[PDB]
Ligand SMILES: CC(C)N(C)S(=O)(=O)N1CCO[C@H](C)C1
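Next up: a single chain in structure tokens, the form solved without this ligand.
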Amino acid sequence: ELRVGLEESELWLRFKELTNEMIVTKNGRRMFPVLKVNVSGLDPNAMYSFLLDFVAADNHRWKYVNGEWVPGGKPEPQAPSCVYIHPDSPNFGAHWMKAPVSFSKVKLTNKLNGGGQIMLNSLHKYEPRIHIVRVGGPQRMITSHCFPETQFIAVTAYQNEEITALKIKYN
């Protein structure tokens, strides 16, 4: 089997416990913490592209009320984010397996934007997800992995100061 783990899941779990928030901006704000993925069971000599995207974990708009997050009362079906291609893509099994795969450069925006940046729906909750796409071979293949530990709400500003505190402590 191809095996796909989360690096620094303990760091991530400290945020999940509080309800994680990622800042989103006109031009795009990078993520903290950064999604880092351990990957074994690739073909060292095969070709893979690493895709990242962001599934609306539910169909609700969220709001900060009496110091806690709660869902609105009007679900819209959510489209998944556009895909961000890891820049080491495409690359050999052995590249992706030799060190953790960092998506340190992904930028999250809330605006109708040019390129690079991934536009998210403000105040919706997102599950990060990666697609390992085997390329070059005669048969294209996809393996997808979601990361519950890395769930967050897209915010223009931090609401829970406890999150802000953690973001500065571990940055």
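Only residues modelled in both forms are compared. Rigid core: the largest C-alpha set superposing within 1.5 Å between the two forms. From 1 onward, residues are counted along the sequence shown.
Absent from the display: the form deposited with this ligand bound. The rest refers to it.
This ligand is not shown here, but in the bound PDB entry it comes within 4.5 Å of a heavy atom of residue 141. Of the heavy atoms in residue 29, none are within 4.5 Å of this ligand in the bound PDB entry. A residue is said to contact a partner when one of its heavy atoms sits within 4.5 Å of a partner heavy atom; residue 107 fails this definition for this ligand in the bound PDB entry, lying far away.
The closest non-hydrogen atom of residue 57 lies beyond 4.5 Å of this ligand in the bound PDB entry. Although this ligand is not shown here, in the bound PDB entry the stretch 130-146 places heavy atoms of 133, 134, 135, 136, 140, 141, 142 within 4.5 Å of it, in sequence order. The residue that stands out in 136, 116, 41, 67 is 136, the single one whose Cα moves by 2 angstroms or more between the shown form and the other one on a rigid core fit. Core-superposed difference between the shown form and the other one: one segment of three or more residues with every CA shifted 2 Å or more, namely 136-139.
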